Amino acid sequence: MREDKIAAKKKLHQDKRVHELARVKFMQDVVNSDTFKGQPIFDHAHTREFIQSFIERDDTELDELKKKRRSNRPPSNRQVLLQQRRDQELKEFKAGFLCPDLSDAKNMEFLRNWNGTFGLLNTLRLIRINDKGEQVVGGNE
């Protein structure tokens, strides 16, 4: 009903979304933890493995909606909407998802040293990867 005398002051720099950062954070954390600490470098098969898990994580969340369906209260709109975002995310992946090559040890070490740095997201060996680790190029040959 009421607003304060102060208006919502704004930021000058545009923020990057977690769709980019959390993706690297996952890869980083996996390497930095005993999860795959024994594995120094990965490949493009592990690319799809981790990339798809990052996207399809929505289904793990959607599963809770599928769960509360038995509570006799399913989210008619939001359960569909959640799945619709998956279609969009998969479509971006299908158009070459912004993924590290994951096989370059220089890139992987920078990936390890990601201190939540935005500029580091430009120094990383990030390319566009489709499906099974396919190289997405605009057309240079």
# chains A, B, ... in the order shown; residues from 1 in each chain; ligands from 1

$ residues_around --residues "segment 23-35 of chain A" --least-positions-apart "2" --cutoff "10 Å" --atoms "only C-alpha atoms" --output "MDAnalysis selection string"
chainID A and resid 18:21 37:42 47 50:51 54:55 98:100 102 108:116 121 124

$ write_last_selection --atoms "N, CA and C atoms" --output "tab-separated table (two decimals), in the first residue's frame"
chain	number	residue	atom	x	y	z
A	18	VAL	N	22.71	-17.23	-12.86
A	18	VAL	CA	23.29	-18.46	-12.31
A	18	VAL	C	23.36	-19.58	-13.33
A	19	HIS	N	22.68	-19.41	-14.46
A	19	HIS	CA	22.68	-20.42	-15.50
A	19	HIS	C	24.09	-20.60	-16.05
A	20	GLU	N	24.88	-19.54	-15.98
A	20	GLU	CA	26.28	-19.57	-16.41
A	20	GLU	C	27.20	-19.94	-15.25
A	21	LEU	N	27.06	-19.22	-14.13
A	21	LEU	CA	27.99	-19.35	-13.01
A	21	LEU	C	27.85	-20.68	-12.28
A	37	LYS	N	37.57	-35.96	-7.27
A	37	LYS	CA	38.89	-35.43	-6.95
A	37	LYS	C	39.99	-36.30	-7.56
A	38	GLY	N	39.72	-37.60	-7.66
A	38	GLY	CA	40.67	-38.51	-8.26
A	38	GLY	C	40.80	-38.31	-9.77
A	39	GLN	N	39.84	-37.62	-10.36
A	39	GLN	CA	39.84	-37.36	-11.79
A	39	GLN	C	40.30	-35.94	-12.06
A	40	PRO	N	41.46	-35.78	-12.70
A	40	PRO	CA	42.02	-34.46	-12.98
A	40	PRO	C	41.32	-33.77	-14.15
A	41	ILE	N	41.11	-34.53	-15.23
A	41	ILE	CA	40.55	-33.99	-16.45
A	41	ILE	C	39.40	-34.88	-16.92
A	42	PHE	N	38.44	-34.29	-17.62
A	42	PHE	CA	37.30	-35.04	-18.13
A	42	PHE	C	37.29	-35.01	-19.65
A	47	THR	N	31.08	-34.33	-20.45
A	47	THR	CA	30.45	-33.06	-20.77
A	47	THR	C	28.93	-33.21	-20.72
A	50	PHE	N	27.50	-34.13	-17.17
A	50	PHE	CA	27.32	-33.04	-16.21
A	50	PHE	C	26.40	-31.95	-16.75
A	51	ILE	N	26.51	-31.66	-18.04
A	51	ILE	CA	25.68	-30.63	-18.66
A	51	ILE	C	24.20	-31.00	-18.58
A	54	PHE	N	22.82	-30.79	-15.10
A	54	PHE	CA	22.60	-29.41	-14.71
A	54	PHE	C	21.24	-28.91	-15.21
A	55	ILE	N	20.90	-29.28	-16.44
A	55	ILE	CA	19.63	-28.88	-17.02
A	55	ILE	C	18.48	-29.70	-16.43
A	98	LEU	N	26.83	-23.26	-23.65
A	98	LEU	CA	28.11	-22.67	-23.29
A	98	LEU	C	28.81	-23.54	-22.25
A	99	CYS	N	29.67	-24.42	-22.73
A	99	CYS	CA	30.32	-25.39	-21.87
A	99	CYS	C	31.83	-25.35	-22.08
A	100	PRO	N	32.61	-25.58	-21.02
A	100	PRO	CA	34.05	-25.78	-21.14
A	100	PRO	C	34.33	-27.06	-21.91
A	102	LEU	N	36.49	-29.08	-21.14
A	102	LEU	CA	36.57	-30.00	-20.00
A	102	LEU	C	37.74	-30.97	-20.13
A	108	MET	N	40.75	-26.41	-17.03
A	108	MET	CA	40.28	-27.13	-15.85
A	108	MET	C	40.89	-26.58	-14.57
A	109	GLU	N	42.10	-26.04	-14.65
A	109	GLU	CA	42.75	-25.49	-13.47
A	109	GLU	C	42.18	-24.11	-13.14
A	110	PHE	N	41.90	-23.33	-14.18
A	110	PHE	CA	41.19	-22.07	-14.02
A	110	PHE	C	39.79	-22.33	-13.47
A	111	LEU	N	39.17	-23.39	-13.98
A	111	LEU	CA	37.86	-23.83	-13.53
A	111	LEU	C	37.90	-24.16	-12.03
A	112	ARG	N	39.02	-24.71	-11.59
A	112	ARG	CA	39.23	-25.02	-10.17
A	112	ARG	C	39.40	-23.74	-9.35
A	113	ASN	N	39.97	-22.72	-9.97
A	113	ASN	CA	40.32	-21.48	-9.27
A	113	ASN	C	39.26	-20.41	-9.46
A	114	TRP	N	38.06	-20.82	-9.84
A	114	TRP	CA	36.95	-19.88	-9.98
A	114	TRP	C	36.47	-19.43	-8.61
A	115	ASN	N	36.83	-18.21	-8.22
A	115	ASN	CA	36.45	-17.67	-6.92
A	115	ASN	C	35.16	-16.86	-7.04
A	116	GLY	N	34.26	-17.32	-7.89
A	116	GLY	CA	33.05	-16.57	-8.17
A	116	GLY	C	33.37	-15.30	-8.94
A	121	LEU	N	35.12	-15.79	-16.31
A	121	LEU	CA	34.22	-16.48	-17.22
A	121	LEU	C	34.53	-16.12	-18.67
A	124	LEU	N	38.14	-18.41	-19.26
A	124	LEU	CA	37.92	-19.85	-19.34
A	124	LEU	C	37.77	-20.28	-20.79

$ select_by_dssp --residues "chain A" --states "helix (DSSP H, G or I)" --output "ChimeraX atom specification"
/A:18-32,44-71,78-94,105-112,120-123

$ write_last_selection --atoms "C-alpha atoms" --output "PDB file, in the first residue's frame"
ATOM      1  CA  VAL A  18      23.285 -18.455 -12.306  1.00  0.00           C
ATOM      2  CA  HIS A  19      22.682 -20.423 -15.503  1.00  0.00           C
ATOM      3  CA  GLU A  20      26.276 -19.572 -16.406  1.00  0.00           C
ATOM      4  CA  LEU A  21      27.992 -19.346 -13.012  1.00  0.00           C
ATOM      5  CA  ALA A  22      26.377 -22.302 -11.231  1.00  0.00           C
ATOM      6  CA  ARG A  23      27.288 -24.469 -14.210  1.00  0.00           C
ATOM      7  CA  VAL A  24      30.986 -23.758 -13.690  1.00  0.00           C
ATOM      8  CA  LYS A  25      30.566 -23.931  -9.911  1.00  0.00           C
ATOM      9  CA  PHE A  26      29.180 -27.454 -10.271  1.00  0.00           C
ATOM     10  CA  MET A  27      32.137 -28.569 -12.400  1.00  0.00           C
ATOM     11  CA  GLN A  28      34.525 -26.841 -10.003  1.00  0.00           C
ATOM     12  CA  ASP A  29      32.938 -28.289  -6.875  1.00  0.00           C
ATOM     13  CA  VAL A  30      32.914 -31.780  -8.403  1.00  0.00           C
ATOM     14  CA  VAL A  31      36.664 -31.571  -9.024  1.00  0.00           C
ATOM     15  CA  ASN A  32      37.390 -29.884  -5.697  1.00  0.00           C
ATOM     16  CA  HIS A  44      33.118 -34.619 -23.897  1.00  0.00           C
ATOM     17  CA  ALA A  45      31.170 -37.684 -22.745  1.00  0.00           C
ATOM     18  CA  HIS A  46      31.417 -36.379 -19.186  1.00  0.00           C
ATOM     19  CA  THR A  47      30.448 -33.064 -20.773  1.00  0.00           C
ATOM     20  CA  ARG A  48      26.940 -34.260 -21.636  1.00  0.00           C
ATOM     21  CA  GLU A  49      26.886 -36.159 -18.346  1.00  0.00           C
ATOM     22  CA  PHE A  50      27.321 -33.044 -16.208  1.00  0.00           C
ATOM     23  CA  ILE A  51      25.677 -30.629 -18.657  1.00  0.00           C
ATOM     24  CA  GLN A  52      22.501 -32.701 -18.926  1.00  0.00           C
ATOM     25  CA  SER A  53      22.390 -33.189 -15.152  1.00  0.00           C
ATOM     26  CA  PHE A  54      22.597 -29.406 -14.706  1.00  0.00           C
ATOM     27  CA  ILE A  55      19.626 -28.883 -17.024  1.00  0.00           C
ATOM     28  CA  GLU A  56      17.590 -31.948 -16.086  1.00  0.00           C
ATOM     29  CA  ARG A  57      17.992 -30.914 -12.445  1.00  0.00           C
ATOM     30  CA  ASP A  58      14.600 -29.328 -13.134  1.00  0.00           C
ATOM     31  CA  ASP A  59      13.112 -32.829 -13.267  1.00  0.00           C
ATOM     32  CA  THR A  60      14.414 -33.535  -9.783  1.00  0.00           C
ATOM     33  CA  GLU A  61      12.494 -30.448  -8.702  1.00  0.00           C
ATOM     34  CA  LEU A  62       9.523 -31.370 -10.882  1.00  0.00           C
ATOM     35  CA  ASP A  63       9.559 -34.767  -9.168  1.00  0.00           C
ATOM     36  CA  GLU A  64       8.596 -33.062  -5.910  1.00  0.00           C
ATOM     37  CA  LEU A  65       5.573 -31.660  -7.748  1.00  0.00           C
ATOM     38  CA  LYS A  66       4.844 -35.167  -9.031  1.00  0.00           C
ATOM     39  CA  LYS A  67       5.148 -36.216  -5.394  1.00  0.00           C
ATOM     40  CA  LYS A  68       2.675 -33.678  -3.998  1.00  0.00           C
ATOM     41  CA  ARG A  69       0.259 -34.895  -6.655  1.00  0.00           C
ATOM     42  CA  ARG A  70      -0.638 -37.628  -4.158  1.00  0.00           C
ATOM     43  CA  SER A  71      -1.377 -34.913  -1.618  1.00  0.00           C
ATOM     44  CA  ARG A  78       3.351 -24.499 -12.520  1.00  0.00           C
ATOM     45  CA  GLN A  79       4.068 -28.207 -13.055  1.00  0.00           C
ATOM     46  CA  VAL A  80       3.701 -27.604 -16.783  1.00  0.00           C
ATOM     47  CA  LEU A  81       5.514 -24.253 -16.683  1.00  0.00           C
ATOM     48  CA  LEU A  82       8.485 -25.873 -14.934  1.00  0.00           C
ATOM     49  CA  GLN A  83       8.714 -28.509 -17.677  1.00  0.00           C
ATOM     50  CA  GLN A  84       8.388 -25.776 -20.312  1.00  0.00           C
ATOM     51  CA  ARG A  85      11.562 -24.132 -19.019  1.00  0.00           C
ATOM     52  CA  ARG A  86      13.318 -27.453 -19.579  1.00  0.00           C
ATOM     53  CA  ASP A  87      12.272 -27.326 -23.236  1.00  0.00           C
ATOM     54  CA  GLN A  88      13.835 -23.869 -23.495  1.00  0.00           C
ATOM     55  CA  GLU A  89      17.040 -24.876 -21.695  1.00  0.00           C
ATOM     56  CA  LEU A  90      17.358 -28.021 -23.818  1.00  0.00           C
ATOM     57  CA  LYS A  91      16.753 -25.882 -26.898  1.00  0.00           C
ATOM     58  CA  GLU A  92      19.669 -23.640 -25.923  1.00  0.00           C
ATOM     59  CA  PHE A  93      21.751 -26.775 -25.343  1.00  0.00           C
ATOM     60  CA  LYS A  94      20.601 -28.002 -28.754  1.00  0.00           C
ATOM     61  CA  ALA A 105      44.086 -28.921 -18.150  1.00  0.00           C
ATOM     62  CA  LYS A 106      44.704 -25.170 -18.248  1.00  0.00           C
ATOM     63  CA  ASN A 107      40.993 -24.493 -18.506  1.00  0.00           C
ATOM     64  CA  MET A 108      40.283 -27.130 -15.855  1.00  0.00           C
ATOM     65  CA  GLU A 109      42.754 -25.492 -13.467  1.00  0.00           C
ATOM     66  CA  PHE A 110      41.188 -22.070 -14.016  1.00  0.00           C
ATOM     67  CA  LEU A 111      37.857 -23.826 -13.525  1.00  0.00           C
ATOM     68  CA  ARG A 112      39.227 -25.019 -10.172  1.00  0.00           C
ATOM     69  CA  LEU A 120      37.199 -15.387 -15.119  1.00  0.00           C
ATOM     70  CA  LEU A 121      34.220 -16.480 -17.217  1.00  0.00           C
ATOM     71  CA  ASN A 122      35.939 -14.858 -20.183  1.00  0.00           C
ATOM     72  CA  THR A 123      39.363 -16.339 -19.475  1.00  0.00           C
TER      73      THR A 123
END

$ atom_distance --atom1 "atom CA of residue 95 of chain A" --atom2 "atom CA of residue 139 of chain A"
13.8 Å

$ atom_distance --atom1 "atom CA of residue 96 of chain A" --atom2 "atom CA of residue 43 of chain A"
16.4 Å
